[PDB]
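In the block that follows, a single chain appears as structure tokens, in the form deposited in one PDB entry.
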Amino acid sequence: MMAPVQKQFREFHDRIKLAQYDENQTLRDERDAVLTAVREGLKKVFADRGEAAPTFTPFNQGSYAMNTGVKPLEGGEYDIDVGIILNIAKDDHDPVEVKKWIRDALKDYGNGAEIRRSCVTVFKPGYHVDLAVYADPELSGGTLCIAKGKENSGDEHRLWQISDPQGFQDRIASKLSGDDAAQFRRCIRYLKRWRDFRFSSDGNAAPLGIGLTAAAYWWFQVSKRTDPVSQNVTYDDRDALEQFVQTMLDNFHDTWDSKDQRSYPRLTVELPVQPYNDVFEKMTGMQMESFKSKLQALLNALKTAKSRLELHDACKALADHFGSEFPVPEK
């Protein structure tokens, strides 16, 4: 019979997983250090403009909140994500000016703060912290809106966009339960490491991690066998990934580009909460074509790793796509 690889997938998962906020005091300390720095810097910035310092409520976001965190590759950085809800009315403030408040509050913290399209990012040796900045729902008509735009943007690209990070986190945490939910989380982490490993030559071309997570929310199916007599359950991560990657490939659509006068294959993945946008909408046709080509090659490897006599060959076929931390036993 062909070599199984379930034990090597579980070992790979143990190697790549990074503990979520609730189980990771180091990440809590680093997050909280940045939040105390923003309180200190806000007292400074708003005392300098004769106004009372605005207050904020922080909350956990991103993969360290949803228990889908992966360790970076060497030379990579941890990505600590937090939202802060300022006690302001969105209709009274430009979103970029508000982000300027936060960045100036973090002027001399670590390696300096920086205003991105989605957030204020602060850098330290080994990690960055993304602060997504929101206006107060109570003062802004009951909607949670994130500050979009940077210092570059014209009026069209400076906006308070309706957002629901906690809704998205809840959807990911609740899609399944128990050992089924554990397989779901493992397969998201496997594809996050695939993303890091096979998109390193051009990071700007990589699919957003939130995009792969939303794709899993739409299309992941548990793969397990239940012995009908003993009721014993054994999970099959290789098959779960094979069915999920084939479902994503099935959902690419050749999409005509009038500028280039050609088609590009495009995968559309809607967020299952507000604003329900296609998360991959900013990827170019060329990046999509390369995304689809690497997904097809991953699928081919997953099928190869079902039909090897030698565990070595099955594992090496997977390691070609998941990288040097995927276990390859000696022949």
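In this text, the rigid core denotes the largest set of C-alpha atoms whose superposition between the two forms falls within 1.5 Å. Numbers follow the displayed sequence, beginning with 1.
Although it is not shown, the form deposited in another entry is what the next lines describe.
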(message) Shifts of 2 Å or more at the CA atom, core superposed, between this form and the one not shown: which of the listed residues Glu77, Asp202, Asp250, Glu138 is the one?
(response) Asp202
(message) Flagged pair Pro207/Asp130: C-alpha distance shifts by 3 angstroms or more in that other deposited form. Which direction, closer or farther?
(response) closer
(message) Flagged pair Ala206/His321: C-alpha distance shifts by 3 angstroms or more in that other deposited form. Which direction, closer or farther?
(response) farther
